[PDB]
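Single chain ahead, written as structure tokens, the form deposited in one PDB entry.
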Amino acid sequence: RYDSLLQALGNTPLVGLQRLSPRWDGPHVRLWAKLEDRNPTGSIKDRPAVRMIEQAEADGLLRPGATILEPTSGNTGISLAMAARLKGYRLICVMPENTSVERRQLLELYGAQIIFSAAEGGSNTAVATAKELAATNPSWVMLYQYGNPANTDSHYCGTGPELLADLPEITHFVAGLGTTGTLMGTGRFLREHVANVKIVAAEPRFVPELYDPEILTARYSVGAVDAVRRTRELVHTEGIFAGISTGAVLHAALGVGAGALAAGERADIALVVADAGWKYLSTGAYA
């Protein structure tokens, strides 16, 4: 039991995918899904968002009633909006205008102000916009998820240890590459404990300051169509209603697994389910 929604975070389930795995029972090639939608606002960003705020509190950077400013494509904004309601802060998000309606509904419900940046240039445009706002009003506190080490540390101290506890036999960890915190933190932790572990990025077909290229074994770029087809496959075969990035991660993980199978090598491949499908229904991807 917990005294705050903020504490009911992490320790997410790992679920073996018996049907989707290239070979569940030569040696096995298993996929294991870590369900990060089992978190306060339904995404993995609850981990870095809460740690970034708490670290800024510890460092003296946030006084009561302060205004937080953050560029986001939705999930981090939502997690910060939740935490800001519990902690008494205001939030201004800069978010690209071509994002799902569910994201803006959630943000408005939590009381965040949203500046909708131009679609052209996507995240780079949102980040440049947020930096421009930060410079016009220095009292606003930008935690800066793309450069804040508390993002990586949330995974070094949370995601990674939980994976190793649940799956000591892990051979590969597969996740999306956005802020890079998930892969940097989880991957640094796993490399310290697991001889020979492979860390694999999925990215959509600037460089965050958190990024350390030497943590990755490989980077796969995934198209939206393949991400949609795999997201659909995951819900049809395993019942997990995931967001689109999960489909891209699964595409990569299934590539890794097909390689292991063809080589006669045992693999236990952990993959992140970073959020659920709820915020993506309006896209038509699940029709």
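Residue numbers here begin at 1 and follow the sequence given. Superpose the two forms; the largest set of C-alphas matching within 1.5 Å is the rigid core.
As for the form deposited in another entry, it is not shown, yet the points below apply to it.
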In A130, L143, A112, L177, the 2 Å or greater C-alpha shift between the shown form and the other one, rigid core superposed, occurs only at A130
Using a rigid core alignment, state whether the CA of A81 is displaced by 2 Å or more between the shown form and the other one. no
Rigid-core frame, C-alpha of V101, shift of 2 angstroms or more between the shown form and the other one: yes
Relative to the superposed rigid core, does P161 relocate between the shown form and the other one - that is, does its Cα move 2 Å or more? no
